[PDB]
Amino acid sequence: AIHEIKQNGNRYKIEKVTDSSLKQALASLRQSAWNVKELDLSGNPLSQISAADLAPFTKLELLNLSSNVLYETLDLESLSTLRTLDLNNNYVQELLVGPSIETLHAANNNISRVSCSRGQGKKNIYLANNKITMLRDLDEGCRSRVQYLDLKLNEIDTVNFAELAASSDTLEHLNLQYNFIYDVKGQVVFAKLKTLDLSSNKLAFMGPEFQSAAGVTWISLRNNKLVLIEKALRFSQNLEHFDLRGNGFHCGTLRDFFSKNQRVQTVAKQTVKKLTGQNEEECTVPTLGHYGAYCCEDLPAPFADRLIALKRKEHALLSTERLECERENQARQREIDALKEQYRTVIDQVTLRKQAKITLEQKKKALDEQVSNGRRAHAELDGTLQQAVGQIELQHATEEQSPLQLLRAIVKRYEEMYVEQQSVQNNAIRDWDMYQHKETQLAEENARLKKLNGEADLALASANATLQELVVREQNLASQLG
């Protein structure tokens, strides 16, 4: 027993406990189970948690697993009384909680699935800095009666508001900033939505689907890649903050949208002024003109030109934006670090090392997997190159050849062979032309001889008829004469 169980009323805290000692630790509270209302395990080197070991505490209402080194699945579905679960700062990958969860703190994990058994209360879900890739990564229950949903710094591509319909009446805060979102879609009336944050994503079109957030007070599409705004959008008088800086708008749509949301234009101005200090955004190029408060431009066809530029990289004969890109990736890593800070807990030096031992065992293990995938890819290439040199004839190599050198020799040889083959074919086609000309010469001579024959055939017939007229005169005379 190097571990300590502090009690304060009906809140218990366990310290200096480890994976091999935690089950003991919990058993020594079974006597007192009725009274364990909050249990706090934070700041230890725990890496697994036995839902079943905790099921005796049937009054357990808050469980704080924050800043341990939990990995893989964390399954607490079975804790049906559980209401607040804090597992900020771990490495969990899938997470399942039970029918009573009201607040779920899970920032700074490796989370990419979450299940929430069916239930009647609202839920506040906090998932900043994980690996969610799409809303359906949260199960149906996880998306019912959500009131606050923080998915900042995840890995989502596309939002489909329909998938949050079971929170039409509850959802008040939706944070999706710093993902990778390039399409949003779905019509749903979010009766309660106060704020929507799509800052730093990759959206190109604010479309009809944003009537879903017509009620908000606060909305950001800051730092996306917007060009067009759907004009049919009708925002409430409720709106106060409306940030669109860092896009690339075609003035056409600024004018068309302000025209029937006149209000929003002064709201736009007031937002940039609150945020930056002047009443218009600082366009990337001064030459560039605003409409109201946002930089804009009469653009021939912005979507087509973006698609053409992609298709050029795809199809270019050879294998700027590496500055737009690299500073976009630093922007992200500054937010992650910042956030890793905003959620940092206090931890003693001896448990840091206890923690770094388990964490380093996982890095080493992942690196072994990677170094060995590497080794496999390498032998596969060597194998393929050895099948290849067995099917053609390479020049003699004096020095040992690398795989780069082998691929160059192999393509080179096929190119020689192709050219040889083509040269052979040319000769054959030229031969056919020479013999065909010869055929026409011969077939001319064929008609010349056929016509001469036709004409001898005639001349024999003449000379015959003439021999016959003489034959008649001979037999007429001989009659007359003897």
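Residue indices: 1-based, along the sequence shown.
| query | What number of residues from the deposited sequence go unmodelled in the gap from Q349 to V350, classed as none, 1 to 3, 4 to 9, or 10 or more? | reply | Gap between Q349 and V350: none, chain continuous.
| task | On mean C-alpha B-factor from the PDB entry, just flag whether 368-376 or 391-399 is the higher one. | result | The deposited B-factors put 391-399 ahead on the C-alpha mean.
| Stretch with the higher entry mean CA B-factor, where the candidates are 327-335 and 227-235 | Averaging CA B-factors over each stretch, the winner is 327-335.
| message | Just to confirm, going by the entry's C-alpha B-factors, which of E282, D183, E314, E155 comes out highest? | response | Going by the entry's C-alpha B-factors, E282 comes out highest.
| request: Among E321, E240, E77, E172, single out the one with the highest C-alpha B factor in the record, please. | output: Reading the PDB entry, the winner on C-alpha B-factor is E321.
| query | With respect to C-alpha B-factor, does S67 fall in the lowest, middle or highest third of the chain as deposited? | reply | Lowest third - that is where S67 ends up once the chain's C-alpha B-factors are sorted.
| field | For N446, the third of its chain into which the C-alpha B factor falls | value | CA B-factor rank for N446: highest third.
| Position of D139 among the chain's modelled residues by C-alpha B-factor, lowest, middle or highest third | It belongs to the middle third of the chain when residues are ordered by C-alpha B-factor.
| query | So where's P99 on the chain's Cα temperature factor ranking, which third? | reply | For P99, the deposited C-alpha B-factor lands in the lowest third.
| task | Taking the values exactly as deposited, rank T18 by C-alpha B-factor within its chain and report the matching third: lowest, middle or highest. | result | For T18, the deposited C-alpha B-factor lands in the middle third.
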